[PDB]
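Each chain, written out:
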Protein chains: 6
Amino acid sequence: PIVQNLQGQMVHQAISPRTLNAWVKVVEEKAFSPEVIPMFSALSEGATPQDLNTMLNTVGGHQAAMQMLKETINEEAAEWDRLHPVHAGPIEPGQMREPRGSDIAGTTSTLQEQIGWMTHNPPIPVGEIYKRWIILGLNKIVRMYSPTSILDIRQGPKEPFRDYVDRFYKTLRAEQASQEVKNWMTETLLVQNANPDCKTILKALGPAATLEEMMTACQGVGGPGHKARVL
Amino acid sequence: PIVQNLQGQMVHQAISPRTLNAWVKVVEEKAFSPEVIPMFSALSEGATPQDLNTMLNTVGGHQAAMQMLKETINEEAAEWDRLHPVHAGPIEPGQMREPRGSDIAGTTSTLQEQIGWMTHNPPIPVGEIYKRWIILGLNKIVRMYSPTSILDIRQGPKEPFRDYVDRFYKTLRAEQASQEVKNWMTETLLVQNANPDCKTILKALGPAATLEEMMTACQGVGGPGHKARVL
Amino acid sequence: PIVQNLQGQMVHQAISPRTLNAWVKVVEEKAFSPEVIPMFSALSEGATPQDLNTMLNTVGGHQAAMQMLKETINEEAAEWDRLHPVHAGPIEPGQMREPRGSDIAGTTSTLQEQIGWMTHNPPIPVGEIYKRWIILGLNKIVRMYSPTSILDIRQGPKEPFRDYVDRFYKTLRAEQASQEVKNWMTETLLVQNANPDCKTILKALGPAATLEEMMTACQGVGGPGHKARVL
Amino acid sequence: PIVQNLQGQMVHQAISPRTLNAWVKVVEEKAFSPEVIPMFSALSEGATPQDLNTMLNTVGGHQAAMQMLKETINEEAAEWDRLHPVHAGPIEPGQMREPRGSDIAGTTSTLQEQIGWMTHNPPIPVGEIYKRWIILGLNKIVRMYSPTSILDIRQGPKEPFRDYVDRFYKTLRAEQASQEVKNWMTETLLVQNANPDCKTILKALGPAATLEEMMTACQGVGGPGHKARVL
Amino acid sequence: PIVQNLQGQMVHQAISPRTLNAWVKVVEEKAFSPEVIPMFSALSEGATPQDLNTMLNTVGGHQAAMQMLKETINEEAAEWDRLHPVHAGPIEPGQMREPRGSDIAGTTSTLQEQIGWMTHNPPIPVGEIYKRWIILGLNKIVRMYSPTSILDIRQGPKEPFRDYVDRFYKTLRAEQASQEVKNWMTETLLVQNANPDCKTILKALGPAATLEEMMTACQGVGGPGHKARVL
Amino acid sequence: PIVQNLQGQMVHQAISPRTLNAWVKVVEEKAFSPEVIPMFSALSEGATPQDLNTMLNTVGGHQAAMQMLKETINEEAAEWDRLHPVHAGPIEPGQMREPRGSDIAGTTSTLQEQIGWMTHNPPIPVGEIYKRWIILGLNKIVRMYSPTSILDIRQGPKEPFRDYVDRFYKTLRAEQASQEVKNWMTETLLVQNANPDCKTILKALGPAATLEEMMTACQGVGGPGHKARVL
């Protein structure tokens, strides 16, 4: 990793083994969750391609997912060399060279070269480019696996609606649902599968209400019996 | 966050995984309580909008509440931009400009822009303003996930006066209650089920008597009960 | 807090969240009790009123006790305003105004104004003053949540003298009685409230005995607990 | 090892007991698995020959494997002298003396002399060359002590295809055979030792399909994907 | 504690809360065991008398022993004053004042003086001296609560000698006596208070017997040792 | 320890308790095994007598063995006394003394005197001198404890050669002998204690073969000798 110094330009220092073990633990529990993505992003601030490779190539768990991630990195790298030709030709002496896909993923690039890119003026952001391919591969393996199924969740007869709203949002996190999708899903799932005594209020309120308006509706409707009707 | 004592070089570093893990664990044990708010503020000392966004996105529980919190932030950010003529927007050479509400929320602003405003003299306090908006949304979430009604808090025969006081002041922490209303409540709600002589002591004391005197008041069991000495 | 306490140049730095958490967990894992108070002073050496308020606001629990502390520091502010009234009207241009109780307790006065008082002649250390007010409140909680008098202690029939002395000192610390009175209590009262079997041994040391003479006496007194205690 | 941390230039410092204890724990429970190599690489970032010797001598387990590793290192060290034959004694004072093979292994060299090579301009990478010799030895012992081998692996009759690929991949990446062999095993061998019902689907798909296309197929083989995962 | 980077320049740093918690918890678990002494030695690294007093003041457990430790440091502080004649009144112009025993134990000194002594010509190591006195106070607790009379010790009938040696040496460590007297005790009392079968071996060896020679002696005392080498 | 290389020469640096715990974790699990010597050597880099005594005192259990180490040091100190004639009377401030054997072991001496001896011309490297005495004591406990009998290791009729050599090498490492004797045993005893059906194969293989050639030899009769238990 390479970070700002109070005494001058940026300094590279070795990765901690304890943070590396802590990384392996979040990978083990949270590989199939969006939770690992900001933790990885925060960890990877000031990371070289070598550091990013060390983080990936340390892991021994989930080898099918790791191979799919490596295949994804190769696939993104192949696209980069299609997108960018070798414009600058055979390398100009003295000058910084322009990364190819394999250079970005650190297979044809050494650590001191990467530190040179980090410390160059203007900054050359090879690590910042590479981590997005890694994040994309993590999203892709989750998408291929698909553990979460939105339409399955429903309420028993006297269950609180407010917790079901939380369960619905919890179940919907990784799917990439827009505001329009949330409006549609409110109509095609949430209003339909709600507590039966809450339904009349929700039908009056309609699927274009705010989440706060949904949350602050249906007061005390949950728990034993049908209660005395407000409408 | 910005780090160090602000002398010579204005260094800044990324948010730690340890801090993010500690925050997630705090959310497990202490939730969104007013007692968490100064601790969250302590985490947020010299924080950028990017660091603040990283903390919000890390949390995996309370997903509906997170969506309400983000849309509350978007409402506050919109409200800010109609509180004066709008600040100048994003620029390709990266001239200093000023932050509008979305820049404060971190949704139109780069990390380098955020550091730029923060290290400007006089500084524009974007992280502090955004931290306050996050706290304002967290204040909404705790209130939604609170028991209802101050009028259910009343003195009874069952428990010491202390427990009613503990409940009463705990209840109003996120509410920002009136002092005159609190005096009226202290006079009314907290003398309700007292027996005549005990009610007379509370009446004689009034609402501006010390809690130390109120705890020590009302010796022995109610009615013809035992008076706390074996003679 | 202030960097290098009262001995430095009066430069500020933000509170540690880990240190703030450690304060909350001292309260959780020991409750408001004598051993909290020196630990509180140790973490609070250079603390500002804002830092001290931040510590009070994040406790959560012990709300009735915290109210007695709030009333105690409200009374200290009231006493300060009563015995040190500020000059009437807003101050004349270009000078330092006198401090009110609210200014000292960090609610009406800015940190830069407080540093203004710390760079005054005489210097007024608002954090140091406010800590004494807080310590009086903590001592009041400690006395209140001690439900016994020092005069009502008696050594058990099956209690060794060493565990009685430890229990006596813990009881004595809760009581806020005068310093030469506390020395008189250790010299006279501790032997007087020692058990019948130990008491003849202690009386035979004579009235001018040192702590080591008392503490190395009474061997075999305190039944199976004494036998468990011996090394 | 050598470390900068906040320093502008590399500082030689002793290997931690924490580094050594983690190394022993990794060796004892994971040596014959390719998890040892990246963690060894991380724990030996800027390691000296003396640090590497300290690590090698701190192992007490697996002495036949350590001897096979030592013999493999001994050949490469013996080879280095044939390839790069050192004239002993710099011709004119003002130079570092050249590393011979036993100097790289640490046996004929002393630590300040080793640091002189490693802090030279450009660096003379004696630790990295020694690590390459160690890695060739590690790659020898992992195949030797493997309990299972690739051709013996077969898909269970009720086993998910996605888990079978993962289980096959764990064995495959502990195989030390060349990329042509690896590519034949992943593209051809894996399909053959798949379950009969699954294998017919793979035959219909054909061998030119990518891993994404292969993982897309094989629906209705094994239990649900969300079972037995950490969610 | 002090944090140092240069010769003759010292920077005051706060005590770690992790260190304060560790110090309290080991004392809670183990009481004032000998095992406190390495933990105290580790946790008081670069400690000042102010830090050491804060560490003592922090403790709330074991008050009778803690008061005895406080008497013991005061006895040591008096012992220092009674054996050094110092200066009456103010020190002569431009000289550092000479530390008294109460200055060493931080009763009459303050933090600025303490760093002054540590950077004096020659240096006076007031914290390290005070640490020995604190250790004498910790040691005192074992002698008072144990009956350390050296001729009343015995070896058990089936006891394999080594535990008796551990007990005898522990008795010597607890007891206050001359090194020459303790040397005489190894030739006399150790042989004398041994069990008959072991004593029979010891008489043949004679009083020049040593710990290495002792280790392979007494191997059948109370029966065979069998496959144990930890007894 | 005095482990810093840049800035002040004799600048203080604290020992970490977590680093000491990592030493304890190895020492408890492995006891007095040959790997203690490199672990202790890495730990005791740049150590003072004060640091060395902390390291010794945190080793738990085995007091008779620990006293044998202490006595081995005491004998070195007795021998040292003849070699170097040093004497002192009563001790005062204002002079940093001459090093006696007890001072070198740190019993009668403190950090600043020890620093003064390293700042003397010629230096006296008191911790290094003491450390060699400690290493002899540690080696003696290791030789006393670790050996389990090389002469009882021999290949049974259904034992794999590969299992046998690994166990023989572990046992051979445990033996207290010289490397020269161990090389002779490796040549002779290892082949002689082989089973006669494998011994004929070893004769055919000759001195020429790699350990891997020997390891892959001696098929059938016994089990596979490398497929282990599933852990």
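Refer to the structure presented above.
Within each chain the numbering goes from 1 in written sequence order, not necessarily matching the entry, and residues lacking coordinates are not shown. By the order in which they are written, chains take letters starting at A while ligands take numbers starting at 1. Only some chains of a larger assembly appear here, and every value describes just that portion. Hydrogen atoms and water are omitted, and side-chain values are computed over all heavy atoms in the structure.

### A short note on the overall build of chain A
Part 1 of the argument: In DSSP terms, a helix is any run of H or I states spanning at least four residues, a strand is any run of E spanning at least two, and both are numbered starting from the N terminus. The secondary structure content of chain A amounts to eleven helices and two strands.
Part 2 of the argument: N-terminal to C-terminal, the α/β element order of chain A is β-β-α-α-α-α-α-α-α-α-α-α-α.
Part 3 of the argument: Just to be clear, the radius of gyration here is over C-alpha atoms, and the globule rule we use is 2.2 Å times residues to the power 0.38. A compact globule built from 231 residues should have a C-alpha radius of gyration of about 17 Å, whereas chain A, at 25 Å, is more than 25% larger.
Part 4 of the argument: Along the three orthogonal principal directions, the C-alpha set of chain A runs to about 85 × 40 × 35 Å.
Part 5 of the argument: A total of 231 residues make up chain A; the buried ones form 41% of that total.
Part 6 of the argument: The contacts in chain A between residues at least 6 apart in sequence include a share of 61% that link residues at least 24 apart.
Part 7 of the argument: Values of accessible area rely on a 1.4 Å probe in the Shrake-Rupley scheme; residue burial ignores everything except the protein chains shown. For chain A, the accessible surface area stands at approximately 12700 Å², while carbon and sulfur atoms represent 54% of it.
Part 8 of the argument: Averaging the coordinates of the 22 positive side-chain charges in chain A and doing the same for the 25 negative ones gives two points 9 Å apart. Burial classes: relative accessible area under 20% of the type maximum marks a residue as buried, over 50% as exposed, and values in between as partly exposed (1.4 Å probe, protein chains only). In what follows, a contact means two residues having at least one pair of non-hydrogen atoms within 4.5 Å. All tallies of charge rest on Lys and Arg as positive and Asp and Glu as negative; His and the ends of each chain are not included. Charge positions are represented by NZ for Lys, CZ for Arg, CG for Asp and CD for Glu.

### Describing the nonpolar core
Part 1 of the argument: Core analysis: the largest hydrophobic core is formed by 159 residues, its most contacted members being C:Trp23 and C:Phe161.
Part 2 of the argument: The contact partners of C:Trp23, leaving out residues within four places of it in the chain, are C:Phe32, C:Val36, C:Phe40, C:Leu43, C:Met55, C:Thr58 and C:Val59.
Part 3 of the argument: By nonpolar core we mean a set of buried residues, namely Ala, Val, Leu, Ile, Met, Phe, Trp, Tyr and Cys, connected to one another through side-chain atoms within 4.5 Å. Ranked by size, the runner-up nonpolar core spans 141 residues in total, among them A:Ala47, D:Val27, D:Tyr130 and F:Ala47.

### Quick word on the packing of helix α4 (residues 63-83) of chain A against helix α7 (residues 126-145) of chain A
Residue and element names in this part refer to chain A.
Part 1 of the argument: To obtain an axis, a line is fitted to C-alpha atoms, over the contacting stretch when the element is a helix, and the angle between two such axes runs from 0 to 180 degrees between their N-to-C directions. Following both chains from N to C, one finds α4 and α7 inclined at 130°, their axes separated by 9 Å at the closest point. In this view, α4 runs oblique relative to α7, as classed from their interaxial angle. Regarding α4 and α7, the two cross each other, and that crossing is right-handed. Between α4 and α7, the contacting residues are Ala64, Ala65, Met68, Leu69, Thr72, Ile73, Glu75, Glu76, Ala77 and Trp80 on the first element and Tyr130, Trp133, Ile134, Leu136, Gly137, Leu138, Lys140, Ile141, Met144 and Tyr145 on the second. The scheme is simple: roughly parallel for angles under 35 degrees, roughly antiparallel for over 145, roughly perpendicular for 65 to 115, oblique for anything else. Each crossing gets its handedness from the near helix: less than a right angle anticlockwise from the far helix is left-handed, clockwise is right-handed.

### Remarks on the state of the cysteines
Residues and elements named next belong to chain B.
Part 1 of the argument: Two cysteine sulfur atoms make up a disulfide if the distance between them is within 2.5 Å. Tallying each qualifying case throughout the model produces six disulfides over all chains.
Part 2 of the argument: Between the sulfur atoms of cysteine 198 and its disulfide partner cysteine 218 the distance amounts to 2.0 Å. On the sign convention where negative is left-handed, the bridge of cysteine 198 and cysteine 218, at about 105° about the S-S bond, is right-handed. With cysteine 198 in helix α10 (residues 196-205) and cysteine 218 in the segment after α11 (211-216), this pair connects stretches of sequence that are 20 residues apart.
Part 3 of the argument: Take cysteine 218: its relative accessible area is 35%, and that puts it in the partly exposed class.

### Some remarks on the interface of chain F and chain D
Part 1 of the argument: Residue-level contacts link 32 residues of chain F with 33 residues of chain D.
Part 2 of the argument: Summing both partners gives a buried area of about 2700 Å² for chain F against chain D, and 59% of it is carried by carbon and sulfur.
Part 3 of the argument: Accessible surface is computed with a 1.4 Å probe, and the buried area is the amount of it that two parts give up when combined, taken over both parts together. Sorting the residues of chain F by area buried against chain D places F:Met39, F:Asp166 and F:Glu212 first, and these three jointly supply 18% of that buried surface.
Part 4 of the argument: A carboxyl oxygen of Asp or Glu within 4 Å of a side-chain nitrogen of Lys or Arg is what we treat as a salt bridge. Inspection of the region where chain F meets chain D yields four salt bridges.
Part 5 of the argument: Polar contacts here mean pairs of N or O atoms no more than 3.5 Å apart (in protein, one a potential hydrogen donor and the other a potential acceptor; neighbouring residues in sequence count only if both atoms are side-chain atoms). Put simply, chain F and chain D have eleven residue pairs in polar contact between them.
Part 6 of the argument: Looking at the side of chain F that touches chain D, the elements with two or more residues in it are α1 (17-30), α2 (36-43), α8 (161-174) and α12 (211-215) of chain F.
Part 7 of the argument: Counting residues per element, the side of chain F that touches chain D draws most heavily on α1(F), which supplies eight residues.
Part 8 of the argument: Each residue belonging to the side of chain F that touches chain D can be placed in one class, and the counts come to 13 nonpolar, seven polar and twelve charged. Ten residues, namely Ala, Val, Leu, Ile, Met, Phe, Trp, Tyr, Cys and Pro, are considered nonpolar, four, namely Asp, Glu, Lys and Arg, are considered charged, and the remaining ones, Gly among them, are considered polar.

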